[PDB]
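Each protein sequence line maps, in turn, to chains A, B, C, D, E and F.
Each residue of the first sequence is one higher than the one before, counting from 12 in the deposited numbering.
Each residue of the second sequence is one higher than the one before, counting from 207 in the deposited numbering.
Each residue of the third sequence is one higher than the one before, counting from 2 in the deposited numbering.
For reference, each letter of the fourth sequence is one residue, going 406 to 578, 585 to 709 in the deposited numbering.
Each residue of the fifth sequence is one higher than the one before, counting from 430 in the deposited numbering.
Each residue of the sixth sequence is one higher than the one before, counting from 53 in the deposited numbering.
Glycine residues also receive a C-beta, built at the ideal position from the N, C-alpha and C atoms.
Heads up: the structure comes next, in structure tokens.
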Amino acid sequence: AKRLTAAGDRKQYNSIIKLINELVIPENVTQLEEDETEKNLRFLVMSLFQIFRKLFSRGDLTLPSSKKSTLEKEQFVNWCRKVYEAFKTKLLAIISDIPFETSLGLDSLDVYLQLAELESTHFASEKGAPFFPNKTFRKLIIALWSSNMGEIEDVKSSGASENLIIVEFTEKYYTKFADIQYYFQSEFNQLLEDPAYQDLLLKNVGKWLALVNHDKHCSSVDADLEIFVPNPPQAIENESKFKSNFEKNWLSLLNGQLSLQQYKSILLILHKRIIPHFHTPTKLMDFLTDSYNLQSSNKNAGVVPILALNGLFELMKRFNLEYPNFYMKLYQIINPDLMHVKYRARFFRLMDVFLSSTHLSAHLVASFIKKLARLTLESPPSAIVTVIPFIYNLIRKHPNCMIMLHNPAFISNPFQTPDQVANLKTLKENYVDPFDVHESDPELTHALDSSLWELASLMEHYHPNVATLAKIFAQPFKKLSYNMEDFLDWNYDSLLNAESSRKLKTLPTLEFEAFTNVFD
Amino acid sequence: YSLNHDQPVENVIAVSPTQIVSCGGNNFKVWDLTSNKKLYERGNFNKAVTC
Amino acid sequence: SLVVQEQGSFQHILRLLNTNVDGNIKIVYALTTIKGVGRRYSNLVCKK
Amino acid sequence: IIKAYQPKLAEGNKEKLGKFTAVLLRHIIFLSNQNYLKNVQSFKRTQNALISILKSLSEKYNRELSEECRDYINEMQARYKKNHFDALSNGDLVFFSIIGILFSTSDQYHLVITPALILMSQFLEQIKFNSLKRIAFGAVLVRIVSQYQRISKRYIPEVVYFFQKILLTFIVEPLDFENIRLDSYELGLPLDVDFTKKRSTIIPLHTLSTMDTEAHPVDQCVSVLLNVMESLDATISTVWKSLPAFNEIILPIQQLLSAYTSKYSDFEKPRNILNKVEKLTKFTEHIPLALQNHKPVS
Amino acid sequence: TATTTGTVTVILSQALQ
Amino acid sequence: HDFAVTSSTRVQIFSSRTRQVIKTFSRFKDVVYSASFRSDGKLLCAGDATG
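Below, the structure written as structure tokens:
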């Protein structure tokens with residue numbers, strides 16, 4: 012209370028290093044008991060927080076004056092007392108972290124950050140080691156992980172988990188400098204040895220996903236983090252050891268106990284948040300091809316081959332080793348599910364490189380574009396917009412496949428004999444298209460003799476931009492290509508945001524006079 | 207007379223008047239013209255053999 | 002009939018310094034449609 | 406009467422008469438849809454008269470009718486980004502109905518209808534229709550888009566997918588169509604309902620339908636089935652017969668209707684639809700395509 | 430869902446090919 | 053003693069005595085595809101992509 016604040020100010024203004032330690036121990040016992048009592052029961056509106064604020068300022072001044080070091084003549088009271096007081100206050104802050112069913116913005120964060128900064132200053136001031144608070148980072152991450160959620164445990168809408176203390180920690184301490192993430196990732200591996208707590212510490216991984224997956228690391232040059240407290244245990248410049256322990260702890264957590272949403276997200280951004288930061292990112296390839304051959308009839312587990320393709324292509328670009336019989340698998344993988352997935356753009360931004368090959372056949376590209384035409388029969392306009400320039404690019408730079416879209420044996424040309432045009436008539440009477448959709452091999456099906464009616468019928472469409480991007484086959488091929496990665500990130504809300512305004516002068520009357528027939 | 211490598215053939219060379227060597231996919235197949243028949247095939251690769 | 006790739010393809014047209022330089026010609030004449038750049042300045046900036 | 410007095414005494418404020426007409430339009434749309442516990446037939450009579458006089462004034466004034474139409478498009482877009490379906494009133498039904506009944510919706514690009522066309526396109530193919538209320542929403546949406554582009558003969562590519570969504574949903578009870592990731596799949600109808608001949612129908616009773624779908628009979632299920640079969644007949648008469656790829660248009664639809672005729676084995680509108688599309692199919696454009704026939708440049 | 434282990438043996442398979 | 057390599061738009065010929073590039077061929081309006089020699093070793097046939 013206010014009397015505790017006055018006693019703390021008096022015991023900090025006077026040194027008196029017996030009764031000051033006794034009054035600090037009494038106020039610390041009162042602070043721990045009031046924390047366990049008014050922890051969201053009679054919710055502590057800055058009461059224990061103000062007590063810990065006064066105790067943190069007093070312990071900061073006392074640590075700047077005299078802390079546990081080499082003694083004058085065996086100071087078995089003051090140095091041990093300040094050490095026990097600091098340890099008990101940090102353990103009480105960790106206890107308030109581990110027992111917190113609510114969060115009024117200061118349930119554990121202020122006390123934990125104050126004790127962490129005070130431990131860093133105490134290590135760098137006593138100078139007996141270099142960042143020796145990383146041993147207490149074990150119980151720190153144990154508390155900030157065991158700060159369990161009531162109902163926000165891996166919500167099925169966004170992210171992979173929603174833990175306020177973990178996201179505020181990775182905002183305010185874990186990514187404001189550079190070495191404590193390295194020491195955390197090593198001490199996570201030195202944590203995960205006995206099964207007793209790691210059976211809980213491998214339960215729900217999405218909190219660590221939101222904790223580490225931020226693209227702010229030291230091995231990533233996009234945002235380099237600055238210098239920590241001035242006692243270096245060669246920590247930031249040991250990126251190689253950082254990469255190896257990163258790889259080891261990542262494989263140990265990825266071994267078991269997946270949730271489906273966290274599995275989907277970690278497969279969605281495995282290619283960039285995980286792959287380039289390893290010491291030897293080859294230990295993930297069989298996991299990635301198991302995700303690629305993961306074909307269940309479950310409707311959620313069908314996005315799994317789509318998210319695996321980026322990591323698999325990163326692997327094959329890094330060093331050539333294959334998944335065999337590639338293109339009939341890539342043939343069978345696309346369907347209206349794949350066209351109505353959220354990741355049309357993220358799929359086509361790898362489909363263009365996978366289909367820009369030199370060795371593939373006219374048979375393969377013919378089967379691809381005709382089954383894709385039967386696919387784009389049934390699509391939204393945001394799928395027509397992304398599917399038409401890719402197929403135009405492929406039919407342009409594989410110009411033998413124009414035999415589908417054009418046939419010169421069936422032209423209504425004037426200058427030939429009535430015998431020849433009657434032979435044209437009986438040929439267009441007895442002609443049969445040999446296509447079949449259910450054949451899954453591209454070169455074995457008959458897609459060449461079967462023409463492409465589907466985009467010709469897709470010209471007739473209720474959107475003039477789809478009309479002007481669908482008459483490109485009736486018009487000639489004077490234009491080279493269209494900019495897929497500057498063309499493809501368009502959803503329905505972005506499309507309406509695009510044509511909410513334009514060169515705007517549009518008005519027309521309503522003279523239908525068709526009201527009193529069926530007005531519903 | 208035609209000879210059908212089941213994979214799309216990538217290279218056709220001749221090593222003799224009798225037998226030729228054609229490759230497509232992850233195996234190369236030796237054909238003989240006098241027997242008009244495939245008689246060897248080795249597939250000790252990963253991806254398609256290209257020359 | 003499998004995947005192949007390279008380090009760079011042959012883009013037959015390329016835009017540079019908002020100028021429409023053609024692709025199937027050589028470099029010291031390719032760097033001449035930009036005003037201010039000529040037959041010697043092109044190969045000197047290319048040597049650098 | 407106040408509008409007559411305001412049009413008589415509005416000589417220096419006709420833009421305020423335009424604001425008056427826009428306010429009257431907005432007020433009359435949110436009073437045309439409130440609740441159907443009142444006189445259903447007499448309320449439908451007075452709303453038919455209201456829609457007729459609203460067309461009679463929309464023939465005279467349009468210039469901020471289009472602007473308040475943009476206001477409602479922004480309103481429903483803000484509601485649709487706020488929530489999926491629960492923050493969506495039934496005012497969209499009567500708004501789409503009034504604009505597609507008064508307005509000649511057969512122009513290429515218009516300021517009003519075309520953003521509303523892609524709005525109802527995302528309404529038809531964005532969310533998971535968890536219940537028969539949203540199923541009836543989609544059925545009256547298919548009816549209203551056939552009403553929209555009956556005369557333009559403009560093919561929209563979402564109707565076959567919506568048919569193959571809800572009509573497979575009514576026969577889930585799935586081993587040939589696995590990539591639909593359905594929403595409320597295992598409902599539908601019991602196994603041998605003998606098609607009650609003159610049962611329920613289109614039912615323009617939306618405020619009644621939001622309780623009639625919570626208390627669902629087999630009546631409104633077979634009503635939705637025969638209503639989408641009627642809009643199926645309208646579409647195969649007005650668009651797909653003229654479109655040259657009719658053979659690949661009707662293939663999952665003919666497969667589903669052969670599934671109906673082989674599982675329930677007694678329905679008559681499937682057999683008549685199959686007979687008429689077999690007549691339209693036994694002579695078809697079966698041409699090897701030659702679209703790039705060009706007149707040579709001079 | 431696969432429930433064996435995620436670690437690397439098809440690399441050994443097509444490194445033994 | 054010589055071998056011909058076929059890059060994009062640029063066919064080189066190397067010699068086996070010193071293994072450095074000795075001659076080029078770069079009058080090719082597109083990417084150049086096939087380089088071959090006549091059996092008397094006197095003339096180089098190069099098929100490019102323009103035709």
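As assigned by DSSP and simplified to three states, the class of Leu115/A: Walking along the first sequence from the start, residue 115/A turns up at place 104. Coil.
Taking only beta-carbon positions, decide if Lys253/B is within less than 8 Å of chain C. What you label residue 253/B is simply residue 47 of the second sequence in a count that begins at 1. True, the Cβ-Cβ gap to chain C drops below 8 Å.
In whole angstroms, what separates the C-alpha of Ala525/A from that of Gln631/D? The count along the first sequence starts at 1 and reaches residue 525/A at position 514. The count along the fourth sequence starts at 1 and reaches residue 631/D at position 220. Their backbone Cα atoms lie some 28 Å apart in a straight line.
Nearest-angstrom Cα separation, counted from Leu271/A out to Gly230/B: For the purposes of this step, residue 230/B is identified with residue 24 of the second sequence, where counting begins at 1. For the purposes of this step, residue 271/A is identified with residue 260 of the first sequence, where counting begins at 1. If I take the Cα positions, the gap works out to 41 Å.
Give the range of the alpha helix (DSSP H) segment to which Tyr274/A is assigned. Here residue 274/A is taken as the residue at index 263 of the first sequence, counted from 1. First-last of the alpha helix (DSSP H) with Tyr274/A: 271 to 279.
Report the option in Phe401/A, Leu115/A, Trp90/A whose CA atom is closest to the CA atom of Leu480/A. Counting from 1 along the first sequence, the entry for residue 480/A is found at position 469. Looking at the Cα atoms, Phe401/A is the closest of the given residues.
Mind the definition here: the segment 533 to 546 of chain D touches the segment 585 to 596 of chain D only if three or more C-beta pairs lie below 8 Å; say whether that holds. With a cut-off of 8 Å, the segment 585 to 596 of chain D and the segment 533 to 546 of chain D count as touching, because enough Cβ pairs lie within range.
Using C-beta distances below 7 Å, list every residue in its chain close to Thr646/D, excluding the 5 sequence neighbours before and after it, in chain order. Your numbering for residue 646/D matches position 235 in the fourth sequence. Here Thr646/D has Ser551, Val564 as same chain residues with Cβ atoms under 7 Å from its own Cβ, once five neighbours each way along the sequence are excluded.
Please identify the residue among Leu34/A, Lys13/A, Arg14/A, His417/A whose C-alpha is closest to the C-alpha of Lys22/A. Working through the first sequence from its first residue, we reach residue 22/A at position 11. Answer by Cα proximity: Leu34/A.
Please classify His705/D as buried or exposed, where buried requires at least 16 other C-beta atoms within 10 Å of its C-beta. The residue given as residue 705/D occupies position 294 in the fourth sequence. Its Cβ having fewer than 16 others within 10 Å, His705/D is exposed.
Check whether the Cβ atoms of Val639/D and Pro601/D sit closer than 8 Å, and answer yes or no. By 1-based counting over the fourth sequence, the position of residue 639/D is 228. By 1-based counting over the fourth sequence, the position of residue 601/D is 190. Not closer than 8 Å, so no.
Quick check on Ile74/F: buried or exposed, where buried means 16 or more other Cβ atoms within 10 Å of its Cβ? In the sixth sequence, counting from the first residue as 1, residue 74/F sits at position 22. Residue burial annotation: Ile74/F is exposed, with fewer than 16 other C-beta atoms found within 10 angstroms of its C-beta.
CA nearest to the CA of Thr369/A, picked from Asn210/B, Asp212/B, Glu216/B: Translated into positions along the first sequence, residue 369/A becomes position 358. Closest option to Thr369/A, Cα to Cα, is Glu216/B.
Can you name the residues of chain A whose CB is closer than 9 Å to the CB of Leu15/C? For the purposes of this step, residue 15/C is taken as residue 14 along the third sequence, with counting starting at 1. Those do not exist, as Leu15/C stays about 11 Å from chain A at its closest Cβ, beyond 9 Å.
Give the range of the alpha helix (DSSP H) segment to which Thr16/A is assigned. Working through the first sequence from its first residue, we reach residue 16/A at position 5. Its alpha helix (DSSP H) spans residues 13 to 24.
Is any beta-carbon of chain C found at less than 8 Å from that of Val83/F? As a working mapping, residue 83/F is identified with position 31 in the sixth sequence. Chain C contact via Cβ: present.
Of all the options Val708/D, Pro707/D, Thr695/D, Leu702/D, which has the alpha carbon lying nearest to the alpha carbon of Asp444/A? For the purposes of this step, residue 444/A is identified with residue 433 of the first sequence, where counting begins at 1. Among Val708/D, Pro707/D, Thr695/D, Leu702/D, the Cα nearest to that of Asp444/A belongs to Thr695/D.
Measuring straight from C-alpha to C-alpha, what distance separates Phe188/A and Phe195/A? The residue labelled residue 188/A in the question sits at position 177 within the first sequence. The residue labelled residue 195/A in the question sits at position 184 within the first sequence. For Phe188/A and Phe195/A, the distance between alpha carbons rounds to 13 Å.
Are any of the Cβ atoms in chain A nearer than 8 Å to that of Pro223/B? What you label residue 223/B is simply residue 17 of the second sequence in a count that begins at 1. Answer no: the Cβ-Cβ gap between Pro223/B and chain A never drops below 8 Å.
In chain order, what residues of the segment 8 to 40 of chain C put their CB closer than 7 Å to some CB of chain F? The segment 8 to 40 of chain C vs chain F, Cβ under 7 Å: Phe11, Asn25.
Any residues in the segment 501 to 513 of chain D with a beta carbon nearer than 7 Å to a beta carbon of chain A? Which ones, in chain order? Those would be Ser502, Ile506, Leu507, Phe508, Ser509, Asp512, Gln513, in chain order.
Would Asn233/B and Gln443/E qualify as a contact pair, given that the criterion is a beta-carbon distance under 8 Å? Within the second sequence, numbered from 1, the residue matching residue 233/B stands at position 27. Within the fifth sequence, numbered from 1, the residue matching residue 443/E stands at position 14. No, Cβ-Cβ distance for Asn233/B and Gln443/E is not below 8 Å.
Could you tell me the alpha carbon to alpha carbon distance between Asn242/A and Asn508/A, rounded to whole angstroms? Residue numbering aside, residue 242/A sits at position 231 when the first sequence is read from its first letter. Residue numbering aside, residue 508/A sits at position 497 when the first sequence is read from its first letter. Looking at the two C-alpha atoms, the distance is approximately 53 Å.
Neighbourhood of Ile109/A by C-beta, 7 Å cutoff - its chain only, sequence neighbours within 5 removed: Here residue 109/A is taken as the residue at index 98 of the first sequence, counted from 1. Same-chain partners within the cutoff: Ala154, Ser157, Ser158.
Determine, for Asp297/A, whether the minimum Cβ-Cβ distance to residues of chain D falls below 8 Å. Translated into positions along the first sequence, residue 297/A becomes position 286. So no, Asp297/A is outside the interface.
Reference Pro520/D, options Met413/A, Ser378/A, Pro519/A, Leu506/A, closest by Cα: Walking along the fourth sequence from the start, residue 520/D turns up at place 115. Checked all of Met413/A, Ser378/A, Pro519/A, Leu506/A; the closest Cα to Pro520/D is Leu506/A.
Burial state of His617/D (16 or more Cβ within 10 Å): As a first step, residue 617/D must be located in the fourth sequence, where it is residue number 206. The residue in question, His617/D, is buried, as its Cβ has 16 or more Cβ neighbours within 10 Å.
Name the one or two DSSP bridge partners that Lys244/B has. In the second sequence, counting from the first residue as 1, residue 244/B sits at position 38. Per DSSP, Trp237/B.
Within 8 Å, do at least three Cβ pairs link the segment 375 to 384 of chain A to the segment 448 to 460 of chain A? Taking a cut-off of 8 Å on C-beta distances, the segment 448 to 460 of chain A touches the segment 375 to 384 of chain A, as three or more cross pairs fall below it.
So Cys47/C is in the beta strand (DSSP E); what residue range does that whole segment cover? As a working mapping, residue 47/C is identified with position 46 in the third sequence. That residue, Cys47/C, is in no beta strand (DSSP E); its alpha helix (DSSP H) goes 42 to 48.
In this structure, how does DSSP classify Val364/A when only helix, strand and coil are distinguished? Here residue 364/A refers to the residue found at position 353 of the first sequence. Here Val364/A sits in helix by DSSP.
Determine whether the Cβ of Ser119/A lies closer than 8 Å to any Cβ atom of chain B. Indexing the first sequence from 1 puts residue 119/A at position 108. So, not an interface residue.
Rounded distance between the beta-carbons of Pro391/A and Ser526/D, thought under 8 Å: For the purposes of this step, residue 526/D is taken as the residue at position 121 of the fourth sequence. For the purposes of this step, residue 391/A is taken as the residue at position 380 of the first sequence. Contact flag correct, Cβ pair sits at about 7 Å.
Is the separation between the beta-carbon of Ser276/A and that of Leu220/A shorter than 8 Å? Against the first sequence, residue 276/A aligns to sequence position 265. Against the first sequence, residue 220/A aligns to sequence position 209. Result yes, Cβ atoms of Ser276/A and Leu220/A sit closer than 8 Å.
Assign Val4/C to one of three DSSP states: helix, strand, or coil. Taking the first residue of the third sequence as 1, we reach residue 4/C at position 3. In the three-state reduction of the DSSP assignment, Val4/C falls in the coil class, being assigned neither a helical nor a strand state.
Counting pairs of Cβ atoms below 8 Å between the segment 396 to 415 of chain A and the segment 354 to 364 of chain A, do you hit three or more? Flag = yes, the segment 396 to 415 of chain A and the segment 354 to 364 of chain A touch.
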